[PDB]
Protein chains: 2
Amino acid sequence: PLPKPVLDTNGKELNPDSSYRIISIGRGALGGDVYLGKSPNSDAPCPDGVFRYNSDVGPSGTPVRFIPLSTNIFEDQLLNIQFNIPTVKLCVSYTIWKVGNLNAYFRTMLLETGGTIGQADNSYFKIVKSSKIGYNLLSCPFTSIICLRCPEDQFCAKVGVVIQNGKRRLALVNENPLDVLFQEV
Amino acid sequence: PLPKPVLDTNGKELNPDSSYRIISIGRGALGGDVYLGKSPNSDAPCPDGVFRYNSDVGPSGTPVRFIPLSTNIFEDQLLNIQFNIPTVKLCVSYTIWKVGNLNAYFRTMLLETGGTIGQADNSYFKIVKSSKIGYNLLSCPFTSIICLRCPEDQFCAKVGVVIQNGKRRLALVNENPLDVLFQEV
C-alpha cells in the first residue's frame, strides 16, 4: 500500500510551492470557486470566512497552498490549507484555514481562517477522492483527542456547504460533500 | 445482546427520578467528588465549571440526575447530565452539563454547564465500565455530524481531569479517565 498523490486539473501532482484555485465539479449556477470572504456575524477585524461563489461565471477563487507534514501532498493525510494572497498588516494572521466552534444554528462547525500550521488543533484537513466526481476536503478537528475506536483515534468529517446570509459557506456536513478540483495558477 | 443498566454504590439501578453524587474510586487525596464551581476565566454570570474536589475529606459533591433518551439508564447510551440543586433566578440555565469549545491551552474541551436536554449538540454523555475500576463518563459531542467510520458515525472521548488554576477540572482526555461511582442521595 503506497500513498497516492493528489493531482491538479492538468494531471501534475500538487506542489507545496505552488498555488491552486479550489474549483467545483458543478457548472454554471451549480459552480463557484472557494474564496476568502467576510462572515456576516464575525467580530474578526479581517475577513475570516471560507466561502464559494454562487456561480462560476464571475470572479475566480482565492488561491491556496497546501502544507503537508511530509514533503509530499498525498490523499488521506493531514495537511494545512492557507489562502495565498497579499494582506493588510492587520490581517496577515487570518489566512490559514481552520474549523470554528460548534455553530448551534447550523449544528456544525464552519470553515474559517485564523488557523495555525503544524499544530494538533482545528487546522488539519485531508484531501480524498470523492464518492461521485473528483476530490473532497475533509476536516479532522481535535487531533489532540482520542476518538474512541475511530480510524486512527481520529474524528474526521466531510466538508460541504451551508447557506449563511445567502452565501455558500463551507462547513462540515454529512451528505453532499463539495466535489472539487485544483487548478494551479 | 441486551442493554446493561448502570448501578449505584448500593447495587440498585439508576433512577431518572433519583439524584447521585459522582464520587471517585480514589481515596483521600486521590479522591474528591464532582461539583459545580466557578471557572476562573469564565464570563458567565453563573458558576459553569464541572470540577472535582482535591480530597474526599471535605465537602460532598453536587448531586446530579441523568436523562436518557429512553426511560432507562443503560451503559453505552447517550444521556444528559444535570446538577440537581436549587439556584438563583439568574443561574437556572447553568445546570445542564455540556462540553465547551476547544481550549487551546489544554488542547481539549472542558466540561461546563449551560447545556440542553434532548438535543443533538454538546450535551450528550455516556456511562461505561472503566478499564480499571468502576465507571467512566464519556463525552460524545457533535452528534449532528457524521464521524467517518466511527462507531455509529459518532465521535466519543473519555472524560478525565486537567488542572486549571490549581483545581481539578473535568475534561476530555486520552489516558487516566476519571474512575467514578454513583452514590444516591
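We name chains A, B, ... by the order of the sequence lines, and we start the count at 1 in each one.
A:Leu181 belongs to a hydrophobic cluster with A:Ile23, A:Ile25, A:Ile133, counting contacts under 4.5 Å between side-chain heavy atoms of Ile, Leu, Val, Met, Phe, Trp and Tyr, direct or through other members.
Within the 4.5 Å cutoff, the side chain of A:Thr116 has no heavy atoms near those of the A:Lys98 side chain. Between A:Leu170 and A:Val161 the shortest side-chain heavy-atom distance falls below 4.5 Å. Contact annotation: the side chain of A:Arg21 approaches that of A:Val185 to within less than 4.5 Å [non-hydrogen atoms, C-beta and beyond]. Looking at B:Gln77 and B:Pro3, their side chains come closer than 4.5 Å, going by heavy atoms from C-beta outward.
Applying the ring pair (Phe, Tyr, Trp, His ring centres under 6.0 Å) test to every pair with at least one member in residues 143-163 of chain B, sequence neighbours left out, gives these pairs: A:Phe155-B:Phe155. Applying the side-chain hydrogen bond (donor to acceptor under 3.5 Å, both in side chains) rule to pairs touching residues 23-36 of chain A yields A:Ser24-A:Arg52, sequence neighbours excluded. Contacts classified as disulfide (SG to SG under 2.5 Å) and involving residues 59-118 of chain A (residues at least two apart or in different chains) are given here: A:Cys46-A:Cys91. Residue pairs that meet the side-chain hydrogen bond (donor to acceptor under 3.5 Å, both in side chains) test with at least one member in residues 126-155 of chain B, sequence neighbours left out, are B:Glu75-B:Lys129, B:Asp76-B:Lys126, B:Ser130-B:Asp179. Applying the side-chain hydrogen bond (donor to acceptor under 3.5 Å, both in side chains) definition to pairs two or more places apart or across chains, those involving residues 155-166 of chain B are B:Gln164-B:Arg169. Listed by first and then second residue, the ring pair (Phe, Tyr, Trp, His ring centres under 6.0 Å) pairs that reach into residues 58-81 of chain B are B:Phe66-B:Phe182, sequence neighbours excluded. A disulfide (SG to SG under 2.5 Å) check over residues 95-148 of chain A, counting only residues at least two apart or in different chains, returns the pairs A:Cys140-A:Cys156, A:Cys147-A:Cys150.
Scanning both residues, B:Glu184 and B:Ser18, for their nearest heavy atoms gives OE1-OG, 3.4 Å. Taking both residues in full, the closest heavy atoms of A:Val92 and A:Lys89 are given as CG1-O, 3.3 Å, listed atom of the first, atom of the second, then distance. Contact between B:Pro141 and B:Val99 at its shortest, heavy atoms only, is CB-CG1, 4.2 Å. Minimum heavy-atom separation, B:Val162 to B:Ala171: CG2-CB, 4.1 Å. The nearest pair of heavy atoms linking B:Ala157 to A:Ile145 is CB-CG2, 3.8 Å.
Linking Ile, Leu, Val, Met, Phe, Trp and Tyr whenever their side-chain heavy atoms come within less than 4.5 Å leaves B:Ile146 and A:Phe125 in two separate clusters. Residues B:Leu79 and B:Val159 fall within the same hydrophobic cluster, defined by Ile, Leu, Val, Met, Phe, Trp and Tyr side chains chained together at heavy-atom separations under 4.5 Å. Hydrophobic clustering (ILVMFWY, side-chain heavy atoms < 4.5 Å, transitive): B:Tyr20 and B:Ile85 are in one cluster. No continuous path of ILVMFWY side-chain contacts below 4.5 Å connects A:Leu69 to A:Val6, so the two sit in separate hydrophobic clusters.
Side chains of A:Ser42 and A:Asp48: a donor-acceptor N/O pair is present below 3.5 angstrom, by distance only.
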Could you list the donor-acceptor pairs under 3.5 angstrom formed by side chains in residues 58-65 of chain A, with sequence neighbours left out?
unit_1: A:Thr62; atom_1: OG1; unit_2: A:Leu36; atom_2: N; d: 3.1
unit_1: A:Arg65; atom_1: NE; unit_2: A:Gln82; atom_2: OE1; d: 3.3
unit_1: A:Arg65; atom_1: NH2; unit_2: A:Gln82; atom_2: OE1; d: 3.1

All N/O donor-acceptor pairs, side-chain side in residues 8-15 of chain A, below 3.5 Å, sequence neighbours left out:
unit_1: A:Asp8; atom_1: OD1; unit_2: A:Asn10; atom_2: N; d: 2.9
unit_1: A:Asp8; atom_1: OD1; unit_2: A:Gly11; atom_2: N; d: 2.9
unit_1: A:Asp8; atom_1: OD1; unit_2: A:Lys12; atom_2: N; d: 2.9

Do any side-chain atoms of residues 100-111 of chain B form donor-acceptor pairs under 3.5 angstrom with protein atoms, and if so which ones, sequence neighbours left out?
unit_1: B:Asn103; atom_1: OD1; unit_2: B:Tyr105; atom_2: N; d: 2.9
unit_1: B:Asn103; atom_1: OD1; unit_2: B:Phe106; atom_2: N; d: 2.9
unit_1: B:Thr108; atom_1: OG1; unit_2: B:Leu172; atom_2: O; d: 2.6

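Annotation: A:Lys4, atom NZ; neighbour count of heavy atoms from other residues, nucleotides and ligands within 6.0 Å is above 12. Within a 6.0 Å sphere centred on CG of A:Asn176, heavy atoms belonging to other residues, nucleotides or ligands number 12 at most.
Here B:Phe142 and A:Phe142 bring their ring centres to under 6.0 angstrom of each other.
The distance from atom CD1 of B:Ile81 to atom CH2 of B:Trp97, rounded to the nearest 0.5 Å, is 5.0 Å. Atom CD1 of A:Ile73 is separated from atom CG of A:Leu7 by 11.0 Å, given to the nearest 0.5 angstrom.
In terms of modelled atom types and a separation under 3.5 Å, the side chain of A:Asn72 and the main chain of A:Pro5 share no donor-acceptor contact.
Shown here are the ring-ring contact (aromatic ring centres under 6.0 Å, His included) partners of B:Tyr94, two or more places apart in sequence or in another chain: there are none.
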Side chain to side chain contact (heavy atoms under 4.5 Å, CB included) between B:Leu137 and B:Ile127, intermediate numbers included:
CA-CA 5 Å; B:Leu137 292 187; B:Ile127 306 202; 3.9 Å; yes
Evaluate B:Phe51 against B:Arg168 for side chain to side chain contact (heavy atoms under 4.5 Å, CB included), listing each step before the verdict.
CA-CA 5 Å; B:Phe51 306 80; B:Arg168 284 160 174 179; 5.6 Å; no
Start with the C-alpha distance between A:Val34 and A:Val50, add both sets of side-chain angles, then the distance that settles side chain to side chain contact (heavy atoms under 4.5 Å, CB included), and finish with yes or no.
CA-CA 7 Å; A:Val34 174; A:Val50 190; 3.6 Å; yes
Walk me through whether A:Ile117 and A:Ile96 qualify under side chain to side chain contact (heavy atoms under 4.5 Å, CB included).
CA-CA 8 Å; A:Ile117 292 164; A:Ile96 303 174; 3.7 Å; yes
